[PDB]
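S.K.: Please see the structure below; I have some questions.
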Amino acid sequence: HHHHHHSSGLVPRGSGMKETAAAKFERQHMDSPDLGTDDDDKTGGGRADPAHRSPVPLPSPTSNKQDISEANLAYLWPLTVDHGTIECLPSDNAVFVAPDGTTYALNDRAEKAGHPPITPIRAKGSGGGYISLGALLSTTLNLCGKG
């Protein structure tokens with residue numbers, strides 16, 4: 001399904017914001033069929049090339065919280081757990097939650113609270129000790145609003 005729009009394409013300016021929010025909006029829906037095939041000569045996608053970049057943009061951020069996964073970070077993902085959710089608690093403590101239901105401390109203060117560090121699920125490399133979680137920490141801190 002390919003459509004052409006007279007209006008110009010996307011620019012670095014971004015979506016931007018309007019002075020006043022629209023009182024009325026139109027509902028939008030997407031078609032996702034659970035049943036599909038690939039062996040068939042026809043392909044589910046169209047002739048058009050998919051997204052040039054593999055990393056998927058971050059999800060729309062709710063206050064002090066975002067969902068993150070290996071898909072977002074691409075090979076950079078250092079954790080063995082395929083995904084996890086990041087949250088800043090009212091206590092100004094940044095922690096990482098894994099699908100397993102275990103909470104790990106991202107920042108120093110959470111560690112002070114006696115929460116275990118992400119290390120048990122952190123990948124070890126051939127050299128240079130373990131793979132840094134610095135990137136994950138930065139994201140959570142942004143949600144915390146520190147600064």
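Residues in the structure tokens are numbered from 1 in each chain, the chains being A, B, ... in the order shown, and ligands are numbered from 1 in the order shown.
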Out of segment 10-84 of chain A, which residues get strand (DSSP E or B) from DSSP, as a list in words?

M.R.: residues 62, 65, 66, 67, 68, 69, 79, 83 and 84 of chain A

S.K.: Given the selection you just returned, output its residues as a file containing C-alpha atoms, formatted as a PDB file, in the first residue's frame.

M.R.:
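Written out: result_30.pdb:
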ATOM      1  CA  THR A  62       4.801   8.758  29.507  1.00  0.00           C
ATOM      2  CA  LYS A  65       8.734   6.170  32.164  1.00  0.00           C
ATOM      3  CA  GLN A  66       9.530   4.445  28.863  1.00  0.00           C
ATOM      4  CA  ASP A  67       9.519   0.919  27.450  1.00  0.00           C
ATOM      5  CA  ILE A  68      12.828  -0.157  25.875  1.00  0.00           C
ATOM      6  CA  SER A  69      13.966  -3.309  24.078  1.00  0.00           C
ATOM      7  CA  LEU A  79      21.520  -7.226  28.414  1.00  0.00           C
ATOM      8  CA  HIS A  83      13.779  -6.319  26.772  1.00  0.00           C
ATOM      9  CA  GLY A  84      13.013  -4.347  29.913  1.00  0.00           C
TER      10      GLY A  84
END

S.K.: What lies within 12 Å of residue 1 of chain A using only C-alpha atoms, ignoring chain neighbours under 2 positions off, as an MDAnalysis selection string?

M.R.: chainID A and resid 3:4 31 44:48

S.K.: Rank A:95, A:58, A:76, A:17 by their smallest atom-to-atom distance to residue 141 of chain A, using only C-alpha atoms, and report the top residue only.

M.R.: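 Selected residue with least distance to residue 141 of chain A: A:95.
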
S.K.: In Å to one decimal, how far is atom CA of residue 102 of chain A from atom CA of residue 72 of chain A?

M.R.: 21.1 Å

S.K.: Restricting the calculation to only C-alpha atoms: of A:136, A:144, A:74, A:110, which residue gets closest to residue 87 of chain A?

M.R.: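 Among the listed residues, A:144 lies closest to residue 87 of chain A.
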
S.K.: Can you list, as a PDB file with C-alpha atoms, in the first residue's frame, every protein, DNA or RNA residue that comes within 12 Å of residue 113 of chain A when you count only C-alpha atoms, leaving out same-chain residues fewer than 6 positions away?

M.R.:
ATOM      1  CA  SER A  91      11.799   8.776  45.369  1.00  0.00           C
ATOM      2  CA  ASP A  92      14.150  10.034  42.603  1.00  0.00           C
ATOM      3  CA  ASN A  93      15.588   6.537  42.187  1.00  0.00           C
ATOM      4  CA  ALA A  94      16.280   5.232  38.687  1.00  0.00           C
ATOM      5  CA  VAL A  95      15.691   1.492  38.294  1.00  0.00           C
ATOM      6  CA  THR A 103      13.964  -4.895  39.760  1.00  0.00           C
ATOM      7  CA  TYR A 104      17.584  -3.853  39.314  1.00  0.00           C
ATOM      8  CA  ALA A 105      19.148  -0.556  40.405  1.00  0.00           C
ATOM      9  CA  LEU A 106      20.415   1.653  37.580  1.00  0.00           C
ATOM     10  CA  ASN A 107      21.817   4.625  39.490  1.00  0.00           C
TER      11      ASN A 107
END

S.K.: Within 9 Å of residue 64 of chain A, counting only C-alpha atoms, which residues qualify if same-chain residues fewer than 5 places away don't, as a PyMOL selection string?

M.R.: chain A and resi 86-89+140+142-145

S.K.: Suppose we keep C-alpha atoms; can you now write the selection as a CSV table (one decimal), in the first residue's frame?

M.R.:
chain,number,residue,atom,x,y,z
A,86,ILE,CA,12.8,1.8,32.7
A,87,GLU,CA,11.1,3.9,35.4
A,88,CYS,CA,11.9,6.8,37.7
A,89,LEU,CA,10.1,6.4,41.1
A,140,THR,CA,16.5,6.6,32.7
A,142,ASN,CA,16.4,11.8,31.5
A,143,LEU,CA,13.1,10.4,32.6
A,144,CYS,CA,14.0,11.2,36.2
A,145,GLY,CA,14.3,14.9,35.3

S.K.: Counting only C-alpha atoms, which residue out of A:22, A:120, A:111, A:77 sits closest to residue 135 of chain A?

M.R.: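 So, comparing all the options, the nearest one is A:77.
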
S.K.: Give me, as an MDAnalysis selection string, all polymer residues having an atom no more than 8 Å from residue 123 of chain A, counting only C-alpha atoms and skipping those fewer than 5 positions away in the same chain.

M.R.: chainID A and resid 78:80 130:131

S.K.: Could those selected residues go to a file with N, CA, C and O atoms, as a JSON list (two decimals), in the first residue's frame?

M.R.:
[["chain", "number", "residue", "atom", "x", "y", "z"],
["A", 78, "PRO", "N", 23.07, -4.53, 25.54],
["A", 78, "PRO", "CA", 24.08, -5.31, 26.33],
["A", 78, "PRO", "C", 23.47, -6.37, 27.25],
["A", 78, "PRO", "O", 24.20, -7.19, 27.80],
["A", 79, "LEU", "N", 22.16, -6.31, 27.47],
["A", 79, "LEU", "CA", 21.52, -7.23, 28.41],
["A", 79, "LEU", "C", 21.11, -8.53, 27.75],
["A", 79, "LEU", "O", 20.69, -8.55, 26.59],
["A", 80, "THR", "N", 21.24, -9.62, 28.50],
["A", 80, "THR", "CA", 20.81, -10.93, 28.03],
["A", 80, "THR", "C", 19.29, -10.99, 27.92],
["A", 80, "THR", "O", 18.76, -11.63, 27.00],
["A", 130, "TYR", "N", 33.06, -6.28, 31.44],
["A", 130, "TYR", "CA", 31.67, -6.44, 31.01],
["A", 130, "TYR", "C", 31.24, -5.26, 30.15],
["A", 130, "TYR", "O", 31.83, -4.18, 30.20],
["A", 131, "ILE", "N", 30.19, -5.48, 29.36],
["A", 131, "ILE", "CA", 29.70, -4.46, 28.44],
["A", 131, "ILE", "C", 28.98, -3.36, 29.22],
["A", 131, "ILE", "O", 28.08, -3.64, 30.02]]

S.K.: From chain A, collect each residue whose DSSP state is alpha helix (DSSP H) and return the set as an MDAnalysis selection string.

M.R.: chainID A and resid 70:73 108:112 134:144
